[PDB]
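For reference, the structure discussed in these notes is given below.
Values in this text are rule-based calculations from the coordinates and carry no lab data. Don't worry about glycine lacking a Cβ; one is built from the backbone with ideal geometry, like all the others, and counts go over all protein chains shown.
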Amino acid sequence: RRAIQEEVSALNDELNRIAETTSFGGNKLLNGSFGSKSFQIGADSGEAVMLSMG
Amino acid sequence: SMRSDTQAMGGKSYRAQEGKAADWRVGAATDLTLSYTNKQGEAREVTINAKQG
């Protein structure tokens, strides 16, 4: 069981690493610091769409 | 005048005092009336009955 737990802990540390290090041009995505951002897809002001990633 | 600080080259900006998150949704109170004076001097009232949800 300790042999299985070592792989579980190694993958557990891998899950946190993916969340922290995943980024788009230096902007973190999966660490929870992205929050919600509005993407402007209109020719006039105020035509954006919210995107959220927990 | 066409200096960038000319009054006619801008307007008046108003901002909400309360921040709303991405999970906020309009409830049973939705009407929003804008009452001001148009450029020609006549009073203009615009009523916005937003959609719940």
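Return the pairs, sorted by first residue and then second, in which the second residue is surrounded by 10 or more Cβ atoms within 10 Å (Cβ to Cβ), the first residue lies in region B:11-39 and is within 14 Å of chain A (Cβ to nearest Cβ), the beta carbons are less than 6 Å apart, and the residues are 6+ apart or on different chains.
Partner pairs satisfying both residue conditions: B:22/A:36; B:22/A:50; B:22/A:52.
Note down all Cβ pairs under 6 Å where the first residue falls in region A:32-54 and is within 20 Å of residue A:21 (Cβ to Cβ), the second is among the aromatic types (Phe, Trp, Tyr) and surrounded by 11 or more Cβ atoms within 10 Å (Cβ to Cβ), and they're at least six residues apart or on different chains.
Cβ pairs passing all conditions: A:53/A:34.
Restricting region A:40-54 to residues that are over 17 Å from the mean Cα position of the chain (by Cα) and within 14 Å of chain B (Cβ to nearest Cβ), which is surrounded by the most Cβ atoms within 10 Å (Cβ to Cβ)?
Looking at residues that are over 17 Å from the mean Cα position of the chain (by Cα) and within 14 Å of chain B (Cβ to nearest Cβ), I get A:48.
How many residues does region A:19-39 contain that are more than 14 Å from chain B (Cβ to nearest Cβ), within 8 Å of the chain's Cα centre (by Cα) and of a type in the set (A, V, I, L, M, F, W, C)?
3
Based on this model, can you work out whether residue A:8 counts as outside any loop (DSSP other than H, G, I, E, B) and within 20 Å of residue B:21 (Cα to Cα)?
no
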